[PDB]
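Engineer: generate coordinates for the sequence data below:
(2 chains)
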Amino acid sequence: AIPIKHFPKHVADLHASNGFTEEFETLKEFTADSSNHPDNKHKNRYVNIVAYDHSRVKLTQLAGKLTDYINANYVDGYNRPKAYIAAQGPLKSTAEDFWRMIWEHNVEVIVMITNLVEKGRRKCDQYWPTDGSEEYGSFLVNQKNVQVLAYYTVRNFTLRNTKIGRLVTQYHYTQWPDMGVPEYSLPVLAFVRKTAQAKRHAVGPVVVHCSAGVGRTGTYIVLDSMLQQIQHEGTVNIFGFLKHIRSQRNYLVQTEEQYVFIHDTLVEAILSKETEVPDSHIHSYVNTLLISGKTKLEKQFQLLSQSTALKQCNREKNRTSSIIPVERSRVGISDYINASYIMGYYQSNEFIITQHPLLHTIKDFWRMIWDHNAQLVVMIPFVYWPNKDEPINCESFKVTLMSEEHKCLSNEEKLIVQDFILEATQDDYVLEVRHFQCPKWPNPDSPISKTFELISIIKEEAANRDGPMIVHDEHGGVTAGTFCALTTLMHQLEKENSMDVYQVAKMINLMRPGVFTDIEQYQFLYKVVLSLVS
Amino acid sequence: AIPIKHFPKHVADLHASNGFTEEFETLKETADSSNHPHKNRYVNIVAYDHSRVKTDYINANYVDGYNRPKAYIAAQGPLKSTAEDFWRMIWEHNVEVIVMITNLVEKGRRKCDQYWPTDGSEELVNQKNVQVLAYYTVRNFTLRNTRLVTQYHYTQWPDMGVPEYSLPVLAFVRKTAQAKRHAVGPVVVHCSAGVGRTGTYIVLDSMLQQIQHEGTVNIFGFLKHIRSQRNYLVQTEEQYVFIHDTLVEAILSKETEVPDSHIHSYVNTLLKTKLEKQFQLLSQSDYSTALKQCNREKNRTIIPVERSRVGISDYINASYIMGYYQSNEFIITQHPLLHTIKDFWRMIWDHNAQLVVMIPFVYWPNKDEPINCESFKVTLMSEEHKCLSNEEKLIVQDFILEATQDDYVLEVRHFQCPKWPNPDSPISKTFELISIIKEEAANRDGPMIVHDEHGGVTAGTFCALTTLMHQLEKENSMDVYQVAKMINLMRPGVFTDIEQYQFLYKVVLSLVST
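Structural biologist: Residues are numbered from 1 along each chain as shown, chains lettered A, B, ... in the order given. Below you will find the coordinate block:
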């Protein structure tokens, strides 16, 4: 066991010494009679994947043939035995059994780390209703509430044994990549923290699933449990803890990449602490950052600053080689443009940050809007847009100007609202864009309470609009980044009554490196956010 | 009006002289109700008052067919706000047929809102039956005012521009036109906006009927008229051009779908000859780009065209080939060269195919040594040997591809065929192979990979005859002409000789024993 003090270094030491592979190889070694019964062929997703008999979940027997089998195990959390139920992703054949499992084991929480379809593969069958209600054998699932957020989706169901309600809540980690591990550990983290908090009020065990029920599922169980170790004990033993649960279910944490990813994720958690602040504590927290060897502001700031370029012989389409997209987040026109996807509260790919068009790029910029079906553009400062004089002529569409208003804001600055249409030259489709030109923003001589007024205006507008928000300053840097931040923080406050500024900056900075390079801007975010909680 | 005699040449004359654009420009030259106080998809798109259908407003017009007035109801794609109104329209105008030439979503754009139930019922529309085929999808609904109605969903229409092939659109219209022939009310037709795509059907269906009854065809004439009943019908120049080419193909093809009853009467009539006349037509007004490059060192000789070219995550010599149930039913391709072996398996892995049919070098792993691709491992599970009715072998081997970086397992089955078709065994034993692989491919998902040496004739006849077997089984019909042409369009050089085109007819005929 390593202490939280030494785990960060200890992790870097395994990256340097290539000691993860040693450590993972050694883990590979390592009966399943029930799961190999001929009866139980069509209840297993894969033939090699199996539920060990000592740990397997048993359902009652009913009615010839057998009826008590499901591909799922009880697996022990951190000094909490038989905590999780590590289970495979239900098929249409096993949908009922899966709901019976829920009813028979008193389950209230379900943790889903997979999509139903992933690059054209059936990974998991939809075992619940999008519509009001659906009936799975004896079991009636009637969906109450749904929340869809950038990286996860919460669904509130109710359950009845039709042979006579109980509330059940599903936690859908949606954005997990189709092979490999999430390029960012920071959102997975928050998901587990979000589930871990709600799950702290559930009485039965927590069901966890992916497709197979091994890697992804296992990776949550390690990440959740170690989290709890860090809080209560101040220590962390992945290798220890993992070797144990691998007894209760096969191939938990299946790849080396997952093993490594757990480490890095937990490292980030140790150095971040919980950085989501409630309403009550904004004030108490915002002071504490500017009083270890140095301030939480410096300590957090350092962490924001943490790669493949396409910029060889198309490099004459960027303004500055200082603010330039990374392939992870790089925005793809049908080919190249300097623009990164930026995530927000509700959708990974909420915004796009990018540069102000260079004369040649003007045509690309508009194609970007057209491909991504964006209806908002926010500008924060050369005209790159058509008049009624002369519409812009892109090949597969025409850009044309419909309106132009001018709003006087509460310190008498202007908001140039113009509407547009892009009409297909080769189809019937019409895309209706709205365009904001902002003043100097944030105008730091007008007070900090009128920074938000802009953001509230553009918030409302982006509700009724679909597609992402294109936000450009000169270079796709700080001023655009603070926009996406503060919008995202406004939402996050409004809906959850919480603020995690640390996360909102870092994800931004991870997704477009060079947006936040100076602490005064990082602090500023805290500053602005505080004026909101009056 | 041009006669069908002179329409094919007349069309080529407008391609040569760039006279379609003249003809379309010239076509370019009131709506009080539609400009009232949320029921219009786009602001520029509008339903003219004299033609509009009738608290009382919906973006739809009556449009006249060929000497058949007020025949169609050319309408926009319903929004969730106008879904009801659209069903009331159906009830109030005695509609039994709906023709949908668009998807609900197209490269992430909402083009049309789903106005019907996937589940049993929604509000009263209760869905009875569904059939999903390569290029369209038939749905049978029933309707109550708190009647049977049939929807015809042309699914594969490309996201901007016109279908690269006119041959499947044709067949769709012919399929709808036949069922619609004993509907008494009007036929509702829609796309997203309700103008180009919708309009292009109405011209294509009606001219079809002109050709059958009158032996003439007047698009420009007929079009100029209906453009009075609704704005922008046939919206682009590409659509205008496409109608022509499509109809040209129809004139020269005639109906080539044969029922059970008439295989015998048709197969003789072919043999200047309809066989030569049809054959010529397989060898064909689009364009072609083959690559070539300094990755030309990954082909044996038969080379994919970009339309149909199969995309590994990136190049492989392989074309998508269409079948009865799915455009992209099959992939025809070459036998792997040693370097391509790794690609071949990646192809299977990307497209999630579970059947491979081989038809004559080992490119597959033993229990000795699984194949090691980066994002998966290929491994041998089974190997059976089936003795067919003239004692030849079918080498059935099963495989698994397991992800190296995930949990997924793909279960492939692999057939090595004998000499096929074995021409010393009778034609009656050709089909037995195909029937075997037919039932296997029912329970399997993903496309069928089919290779001979070069992805040529022998693989092409397989996809043909499988597709024809299905088509006979389910619809009791055979359209051999179409099945070869689509194949040949999608991978040029598969059918280069008439004896193999004929052969298809030959084989098919032996099947209709009783």
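Engineer: now name the helix or strand holding whatever residue of the stretch 201-350 of chain A ends up closest to chain B.
Structural biologist: Among the residues of the stretch 201-350 of chain A, residue A:212 lies closest to chain B, at 3.5 Å counting by CB to the nearest CB. All C-beta spots, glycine's among them, are computed from the backbone N, C-alpha and C. Per DSSP states H and E, residue A:212 falls between elements, in no helix or strand.
Engineer: quick check: the gap between it and residue B:331.
Structural biologist: Residue A:212 is 27 Å from residue B:331, where distance means CB to CB, to the nearest Å.
Engineer: now swap in residue A:335 and tell me
Structural biologist: Look at residue A:335 and residue B:331: by CB to CB, they are 27 Å apart.
Engineer: for those two, indicate the residue with more neighbours.
Structural biologist: residue B:331 (28 against 8; other CB atoms under 10 Å in any protein chain shown).
Engineer: hey, what's residue A:401 bridged with?
Structural biologist: Beta-bridge partners recorded for residue A:401 (DSSP bridges): residue A:420.
Engineer: hmm, I was thinking of residue A:86
Structural biologist: Going by DSSP bridges, residue A:86 is paired in beta bridges with residue A:73, residue A:208.
Engineer: centroid-nearest residue for chain A?
Structural biologist: Centroid-nearest residue in chain A, with CA atoms, centre = their mean: residue A:151, separated by 2.6 Å.
Engineer: where does the residue nearest to residue A:74 when sequence neighbours are not counted land in three-state SS?
Structural biologist: By the measure of CB to CB, 6 or more residues apart in numbering or on different chains, the closest residue to residue A:74 outside its immediate chain neighbours is residue A:82, 4.3 Å from it. With DSSP: H, G, I helix; E, B strand; the rest coil as the basis, residue A:82 sits in strand.
Engineer: any idea how far residue A:82 is from chain B?
Structural biologist: In this view, residue A:82 and chain B are 24 Å apart by CB to the nearest CB, to the nearest Å.
Engineer: which residues sit in contact with that residue?
Structural biologist: A:74, A:75, A:76, A:205 (CB atoms under 8 Å, 6 or more residues apart in numbering or on different chains).
Engineer: which of these sit farthest apart?
Structural biologist: A:76 and A:205 (10.5 Å; CB to CB).
Engineer: overlap of the contact sets of those two?
Structural biologist: Common contacts of residue A:76 and residue A:205 (CB under 8 Å, 6+ apart): A:82, A:83, A:84.
Engineer: residue A:170: what secondary structure?
Structural biologist: Assigned by three-state DSSP, the conformation of residue A:170 is strand.
Engineer: for residue A:142, that is, sorry about that
Structural biologist: Of the three states, residue A:142 takes strand according to three-state DSSP.
Engineer: so who does it touch?
Structural biologist: Contacts of residue A:142 by CB under 8 Å, 6+ apart are A:129, A:132, A:133, A:157, A:158, A:160, A:165.
Engineer: from chain B, how far off is it?
Structural biologist: Distance from residue A:142 to chain B, by CB to the nearest CB: 14 Å.
Engineer: could you do residue A:14 as well?
Structural biologist: Using CB to the nearest CB, we find residue A:14 at a distance of 20 Å from chain B.
Engineer: give me the phi and psi for residue A:257.
Structural biologist: When read as degrees, to the nearest 10, the backbone of residue A:257 gives phi -50, psi -40.
Engineer: contacts only, for the residue lying closest to residue A:395 once chain neighbours are set aside.
Structural biologist: Using CB to CB, 6+ apart and skipping the chain neighbours, the partner closest in space to residue A:395 is residue A:425 (6.7 Å). Residue A:425 makes contact with A:394, A:395, A:396, A:397, A:398, B:236 under the criterion CB under 8 Å, 6+ apart.
Engineer: got those as a markdown table, with secondary structure columns?
Structural biologist: Shown next, in a markdown table, are the contacts of residue A:425 (three-state DSSP):
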| residue | secondary structure |
| --- | --- |
| A:394 | strand |
| A:395 | coil |
| A:396 | coil |
| A:397 | strand |
| A:398 | strand |
| B:236 | coil |
